[PDB]
Chemist: 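Take a look at the following structure, please.
Quick note: numbers below take in every heavy atom, side chains included, and nothing from hydrogens, waters or symmetry partners. Throughout, protein chains are lettered first and strands after them, A, B, ... in sequence-line order, and every chain is numbered starting at 1.
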Amino acid sequence: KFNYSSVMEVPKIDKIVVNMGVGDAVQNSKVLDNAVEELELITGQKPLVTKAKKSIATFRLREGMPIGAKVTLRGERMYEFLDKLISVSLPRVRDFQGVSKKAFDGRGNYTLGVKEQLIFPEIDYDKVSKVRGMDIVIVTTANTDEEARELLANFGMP
Amino acid sequence: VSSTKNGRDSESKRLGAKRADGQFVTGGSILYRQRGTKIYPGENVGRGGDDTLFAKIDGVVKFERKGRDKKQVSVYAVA
Amino acid sequence: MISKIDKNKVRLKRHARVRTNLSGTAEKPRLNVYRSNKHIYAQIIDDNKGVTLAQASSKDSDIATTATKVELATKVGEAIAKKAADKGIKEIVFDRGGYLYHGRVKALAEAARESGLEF
Amino acid sequence: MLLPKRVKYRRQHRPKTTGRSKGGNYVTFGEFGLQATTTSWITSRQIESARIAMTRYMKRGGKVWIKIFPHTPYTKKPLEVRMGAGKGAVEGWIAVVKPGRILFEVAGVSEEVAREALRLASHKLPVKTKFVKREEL
Amino acid sequence: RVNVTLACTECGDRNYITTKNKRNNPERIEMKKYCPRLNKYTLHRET
Amino acid sequence: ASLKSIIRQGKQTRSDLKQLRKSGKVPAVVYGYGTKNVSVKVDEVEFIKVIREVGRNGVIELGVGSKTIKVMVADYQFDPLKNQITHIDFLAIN
RNA sequence: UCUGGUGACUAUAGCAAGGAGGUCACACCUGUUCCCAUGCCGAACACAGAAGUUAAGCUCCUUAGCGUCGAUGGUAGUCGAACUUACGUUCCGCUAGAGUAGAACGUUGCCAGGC
RNA sequence: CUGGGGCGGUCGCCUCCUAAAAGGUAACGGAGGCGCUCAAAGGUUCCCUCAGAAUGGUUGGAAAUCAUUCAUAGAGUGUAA
RNA sequence: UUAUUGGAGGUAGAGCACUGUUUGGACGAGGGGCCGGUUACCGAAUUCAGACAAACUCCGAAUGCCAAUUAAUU
Ligand SMILES: [Mg+2]
Ligand SMILES: [Mg+2]
Ligand SMILES: [Mg+2]
Ligand SMILES: [Mg+2]
Ligand SMILES: [Mg+2]
Ligand SMILES: [Mg+2]
Ligand SMILES: [Mg+2]
Ligand SMILES: [Mg+2]
Ligand SMILES: [Mg+2]
């Protein structure tokens, strides 16, 4: 579809980030271990608890106070989690388009949103006490989004 | 009634260079006195705790540039 | 997209931070190490004149086999000390390049200690 | 009524007065202008009086620019005080001109209206002035 | 933030003087330092 | 486009520059393609009349000594008070 | 001369763009069995490899587009001298910053290999 | 001490400006700080490199966090400059 | 004391590359006229041109300062 001059020159995915979000812990410290348990249930890696970088006002924040979580999937764990998210997400979402018409930042990023609906696709709503959301970005070797549109069409719902 | 609130000053510290370029020095003499590092040390020159530059051996002293905008001091041997 | 940086230009930033307290002075010369992917190199340098003195290699025909990539590195360390034994078999300074003192760099240094050098 | 909104230091040394104009001595924005011939301070009340007398003669026709802004504060000690108990409070804001500096520029009007409008302004400044064109050649 | 004295077990006298504050380290701290009476290192404990 | 020039000698002092400007002359230099740095003299009144008939940006065939050079005008320093030109730089083009 | 390793030099050495180059060197690349490793990830680091590729790094050409360098001439300032009290003038030395012409797509020491 | 004296204010130490391209240099001249802290915020050996801006993205107080391109330190450096 | 060499340092002057100040003109994003939007207005950002500084400097003198020469005069 692009007529590549050499087979080494072809676009491919590189890394997927499973960064969750804030989870502002003024009193959600027990939920934070459960939010870590939610990511440890969603993905097969203990996520890096990303702490804050400032102490800004009008917010429950200071130097420290770990306010995030992220796990990086690169190899076969990225290859296995991408196949199950191709099937057990869109049937669990039931949307029209599914992600967006254009969500890249000029580089080829997916940046799909989540609102705790396809989350816990293994266990039912038994222990969950609050809603949440994940952010699944797709880092790839595409130069621009138009070349990435040929990559996003393969097993995608643009 | 009027008054002011500015009368304070510190005692001045006698900074700057102490030996000249081309001059023979003895092996422990202070070359330059500074806050921070306006001039780096070069050959046979030590750098003190309060950033004072001093000579290791006795010889003649040369000031010389280091990069684009950096300066250093060296002491060379034969007199 | 995603940009991979080459490993060699990151090494030289690490190498220049190392070689700032370290030099060869012709009483105590410097040997540095360069490994590419398939060979191991070694070279004695006096930094005061900028003149090198000795050299050994993995791709040299005198030492050329397919042992381990590590037993290869040992034979280089035995090789460089013999030419260092001709003159200046005194203490030297080991320049680790920009590498971790581990594995193939480490096996080169152990072979140089066990064959006459005094570092 | 021109004055800066905030200044880092309220009490400053007075500016150096001898010399010539550092720059800003060619008309660029308009067609005609008024340049200075001697040296003085201009204290931000003069350029309010001069700008008003400029404006009402042109009947709100073309545009008018001011090339001078009063940046420097000056102080004054109150009435009947002995010397030296600190430096007094501010009084006003001055700008320093030297021979060469353009003071006002007008445009969008005929030449003989511009001469008369600038003549009325010139009787309100403390400096000798002169009418100039837009230089070329 | 107080003055504090380290003393040897058998070095004879009380030489080294350091500082600490009581709120961060209320315990009796101890180090290995040099007393030249024995020409070695010995445990020195806060009195 | 037929202006005339006179080559200055070495090391003009301060006095003989302002004595040269109290006449109708203005100091100048020529440089550029195929030439070297030569410092010259030009009448002010003649220079204005040539500019006002060929424009600001035109070609002037001025003569230095014997030969004549096709020359454009690069820059000029102007005295805004007392309105006289005080320096002119000439650029050869071919 | 070509390639590589390693030093010296204020980017004239940089940045960007365009075009060619390879199993000799270099690198992507293959793999995680072993030393070793990731606040998670054999990505990185380390090790074991040599199927694949010049696409990228890299190297060689092309360009003055950005950055850098930059005279001559004039001017501002000023040491000394001479008149004067003018927001000064005159003489003689020194001589900027800005701007213009122009330079420039590196120069070079040591060793090994390939010539 | 004091532009008479009194009333007022100040008296030791650190850093800038005045200070006239070495150093030094006054005024009741202009601006600010100190009368500590740290058992690691010390020593050594190995790794790493920012704020900010732009662009995408559930919570989005606009900016918290995540990815991406630039970004001469503009970040940070116990405490004033 | 002078001649010749070498060096330290940031004044005068200039300049806007940082920090602050400021005048016009454009550009578009936002609120914003409206009937959510136009248009007007607002503030912020980015650019073109042009100005200011003792506690601003990408630059940077003259003079003075420190020294060394079997130099020359004292
Ligand atoms: Mg200007
Ligand atoms: Mg791999
Ligand atoms: Mg110049
Ligand atoms: Mg001085
Ligand atoms: Mg001084
Ligand atoms: Mg106080
Ligand atoms: Mg000035
Ligand atoms: Mg002043
Ligand atoms: Mg200044």
Side-chain angles (χ1 to χ4, degrees), chain A residues 21 47 52 68 75 103 106 113 133, chain B residues 3-4 6-8 10 12 14-17 19-23 63 65 67-69, chain C residues 6 32 34 36-37 41 43 45 47 50-52 55 57 69 100 102-103, chain D residues 4 7-9 11-13 17-19 22-24 28-29 38-39 65-67 69 71 82-87, chain E residues 1 20 24-25 29, chain F residues 13-15 27-29 31-32 37 39 74 77 86-87 89 91:
Chain B
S3 65
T4 186
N6 305 120
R8 274 78 43 84
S10 175
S12 64
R14 273 71 171 166
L15 269 61
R19 300 294 172 185
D21 194 359
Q23 185 173 2
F63 289 150
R65 73 165 64 245
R68 175 64 66 90
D69 48 355
Chain C
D6 57 346
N32 56 0
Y34 175 71
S36 64
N37 279 320
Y41 294 151
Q43 190 169 0
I45 292 98
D47 286 324
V51 179
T52 179
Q55 183 268 328
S57 171
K69 201 189 289 185
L100 286 174
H102 181 76
Chain D
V7 181
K8 187 174 180 179
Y9 292 101
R11 291 178 173 87
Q12 298 181 0
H13 289 170
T17 317
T18 63
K22 185 175 178 180
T28 61
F29 292 157
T38 61
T39 306
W65 291 267
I66 296 171
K67 309 294 290 298
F69 193 80
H71 282 145
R82 300 280 177 91
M83 291 290 105
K87 191 170 173 67
Chain E
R1 179 67 63 185
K20 70 179 179 67
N24 296 118
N25 294 113
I29 61 172
Chain F
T13 66
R14 289 185 185 273
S15 65
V29 291
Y31 54 87
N37 286 318
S39 66
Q77 297 176 359
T86 183
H87 184 80
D89 291 334
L91 192 275

Chemist: Which heavy atom of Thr17(D) sits nearest a heavy atom of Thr39(D), and at what distance?
Modeler: O-CG2, 3.5 Å
Chemist: Could I get a table of every N or O pair under 3.5 Å where one atom is in the protein and the other is in nucleotides 32-34 of chain G?
Modeler:
none

Chemist: Counting only Watson-Crick pairs (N1-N3 plus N6-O4 or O6-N4) and G-U wobbles (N1-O2, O6-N3), all under 3.5 Å, who is the partner of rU85(G)?
Modeler: none
Chemist: For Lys8(D) and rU19(I), what is the distance between atoms NZ and P respectively, to the nearest whole Å?
Modeler: 12 Å
Chemist: With P as the reference atom in both, quote the distance from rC69(G) to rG14(G) in angstrom, rounded to an integer.
Modeler: 15 Å
Chemist: Go through RNA chain I and write down every stem, that is, every run of at least three consecutive Watson-Crick or G-U wobble pairs with distances under 3.5 Å, as range with range.
Modeler: I:3-7 with I:65-69, I:19-21 with I:51-53, I:23-26 with I:46-49
Chemist: Go through the structure and list residues passing side chain to side chain donor-acceptor pair (under 3.5 Å) with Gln12(D), not counting sequence neighbours.
Modeler: none
Chemist: By a 5.5 angstrom centroid cut-off and a 30 degree plane limit, is there stacking between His13(D) and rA54(I)?
Modeler: yes
Chemist: Would you mind classifying the nucleic acid contact of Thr17(D) as base, sugar-phosphate or nothing, using non-hydrogen atoms under 4.0 angstrom?
Modeler: base
Chemist: Are OP1 or OP2 of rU25(H) and a side-chain N or O of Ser12(B) less than 4.0 angstrom apart?
Modeler: yes
Chemist: Does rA19(H) have a Watson-Crick or wobble partner in any strand here, with both distances under 3.5 angstrom, and which is it?
Modeler: none
Chemist: Just the table, please: protein N/O against nucleotides 41-47 of chain H N/O, every pair under 3.5 Å.
Modeler:
residue, atom, partner, partner atom, Å
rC47(H), OP1, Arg96(C), NH1, 3.3

Chemist: According to side chain to side chain contact (heavy atoms under 4.5 Å, CB included), who are the partners of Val51(C), at least two apart in sequence or on a separate chain?
Modeler: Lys49(C)
Chemist: Taking the side chain of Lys69(C) as its heavy atoms from C-beta onward, which of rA48(G), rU6(G), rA51(I) lies nearest to it?
Modeler: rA48(G)
Chemist: Counting Watson-Crick and G-U wobble pairs only, both distances under 3.5 Å, name the nucleotide matched with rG61(H), or none.
Modeler: none
Chemist: Taking the same atom, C1', in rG106(G) and in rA13(G), what whole-Å distance lies between them?
Modeler: 4 Å
Chemist: For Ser15(F), give me all partners under side chain to side chain contact (heavy atoms under 4.5 Å, CB included), at least two apart in sequence or on another chain.
Modeler: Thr13(F)
Chemist: From C-beta outward on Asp21(B), which listed nucleotide comes closest to its side chain: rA51(I), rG7(I), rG93(G)?
Modeler: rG7(I)
Chemist: Are the side chain of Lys20(E) and the backbone of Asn25(E) linked by a donor-acceptor contact shorter than 3.5 Å?
Modeler: yes
Chemist: Identify whether the glycosidic angle of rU38(G) places it syn (within 90° of 0) or anti.
Modeler: anti
Chemist: Nearest to the side chain of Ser10(B) - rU72(G), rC14(H), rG4(H)?
Modeler: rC14(H)
Chemist: Syn or anti: how is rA14(I) classified when any glycosidic angle within 90° of 0 counts as syn?
Modeler: anti
Chemist: Which nucleotide in the list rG56(H), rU37(H), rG5(G) gets nearest to the side chain of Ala103(A)?
Modeler: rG56(H)
Chemist: Output all residues satisfying side chain to side chain contact (heavy atoms under 4.5 Å, CB included) with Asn6(B), sequence neighbours left out; order by chain, then residue number.
Modeler: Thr4(B)
Chemist: Under a 3.5 Å limit for both distances, which nucleotide forms a Watson-Crick or G-U wobble pair with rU55(H), could you say?
Modeler: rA67(H)
Chemist: Give a yes or no on whether a donor-acceptor pair under 3.5 Å exists between the nucleobase atoms of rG77(G), that is its base, and the side chain of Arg14(F).
Modeler: yes
Chemist: So is the aromatic ring of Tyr9(D) stacked onto the base of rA55(I), judging by whether the centres are under 5.5 Å apart and the planes are under 30° apart?
Modeler: yes
Chemist: What is the distance, to the nearest angstrom, from the CZ atom on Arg11(D) to the P atom on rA55(I)?
Modeler: 18 Å
Chemist: Between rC111(G), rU22(I), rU25(H), which nucleotide has the shortest distance from any of its atoms to the side chain of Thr52(C)?
Modeler: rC111(G)
Chemist: Using whole Å, report how far CZ of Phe69(D) lies from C1' of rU21(I).
Modeler: 8 Å
Chemist: Could you list, one pair per line, each protein nitrogen or oxygen that sits under 3.5 Å from a nitrogen or oxygen of nucleotides 8-11 of chain G, together with the distance?
Modeler:
residue, atom, partner, partner atom, Å
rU10(G), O3', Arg68(B), NE, 3.0
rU10(G), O3', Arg68(B), NH2, 3.3
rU10(G), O2', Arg68(B), NE, 3.0
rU10(G), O2', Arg68(B), NH2, 3.2
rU10(G), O4, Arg65(B), NH2, 3.3
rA11(G), OP1, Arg68(B), NH2, 3.4
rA11(G), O5', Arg68(B), NH2, 2.9

Chemist: Under the side chain to side chain donor-acceptor pair (under 3.5 Å) rule, collect the residues that match up with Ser39(F), sequence neighbours excluded.
Modeler: none
Chemist: What's touching nucleotides 33-35 of chain H from the protein side, N or O pairs under 3.5 Å?
Modeler:
none

Chemist: Going by purine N1 to pyrimidine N3 plus the second Watson-Crick contact, or the G-U wobble pair, all under 3.5 Å, which nucleotide sits opposite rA112(G)?
Modeler: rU3(G)
Chemist: Tell me which nucleotide among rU100(G), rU37(H), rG30(H) gets nearest to the side chain of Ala74(F).
Modeler: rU100(G)
Chemist: Given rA46(G), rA14(I), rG73(G), identify the nucleotide with an atom nearest to the side chain of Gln77(F).
Modeler: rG73(G)
Chemist: Give the rounded distance in Å between these two atoms: NZ of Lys67(D) and P of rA51(I).
Modeler: 7 Å
Chemist: Once you apply the 3.5 Å cut-off to both distances, tell me the Watson-Crick or G-U wobble partner of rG32(H), or none.
Modeler: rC14(H)
Chemist: Does the pairing criterion hold for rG9(H) and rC1(H)? That is, Watson-Crick or G-U wobble with both distances under 3.5 Å.
Modeler: yes
Chemist: Syn or anti for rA26(H), with syn set at within 90° of 0?
Modeler: anti
Chemist: Using only modelled atom types and a 3.5 angstrom limit, is any donor from either the side chain of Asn6(B) or the base of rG29(H) paired with an acceptor on the other?
Modeler: no
Chemist: Who pairs with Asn37(F) by side chain to side chain donor-acceptor pair (under 3.5 Å), at least two apart in sequence or on another chain?
Modeler: none
Chemist: Using side chain to side chain contact (heavy atoms under 4.5 Å, CB included) as the criterion, list what pairs up with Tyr34(C), not counting sequence neighbours.
Modeler: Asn8(C), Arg11(C), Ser36(C), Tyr41(C), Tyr99(C)
Chemist: Please tell me which of the listed nucleotides, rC26(G), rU100(G), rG73(G), lies nearest to the side chain of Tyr41(C)?
Modeler: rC26(G)
Chemist: Would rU53(G) be called syn or anti here, given the cut-off of 90° from 0?
Modeler: anti
Chemist: Of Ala20(B) and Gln12(D), whose closest RNA chain I nucleotide lies nearer the 5' terminus?
Modeler: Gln12(D)
Chemist: Could you state the NZ-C1' distance from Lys22(D) to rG77(G), rounded to the nearest angstrom?
Modeler: 13 Å
Chemist: In whole Å, what is the span from the CG atom of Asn32(C) to the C1' atom of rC110(G)?
Modeler: 13 Å
Chemist: Just the rounded figure in Å: distance from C1' of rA101(G) to CG of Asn37(F).
Modeler: 8 Å
Chemist: Heavy atoms from C-beta onward define the side chain here; which of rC26(G), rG24(H), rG93(G) lies closest to that of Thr13(F)?
Modeler: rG93(G)
Chemist: Nearest of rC28(G), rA51(I), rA112(G) to any side-chain atom of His71(D)?
Modeler: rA51(I)
Chemist: Whole angstrom is fine here: how far is it from CD in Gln23(B) over to P in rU5(I)?
Modeler: 21 Å
Chemist: Between the side-chain atoms of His102(C) and the base atoms of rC45(G), is any donor-acceptor pair under 3.5 Å?
Modeler: no
Chemist: Take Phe63(B) and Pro4(D), find for each the nucleotide of RNA chain I with the closest heavy atom, and name the residue whose nucleotide sits nearer the 5' end.
Modeler: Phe63(B)
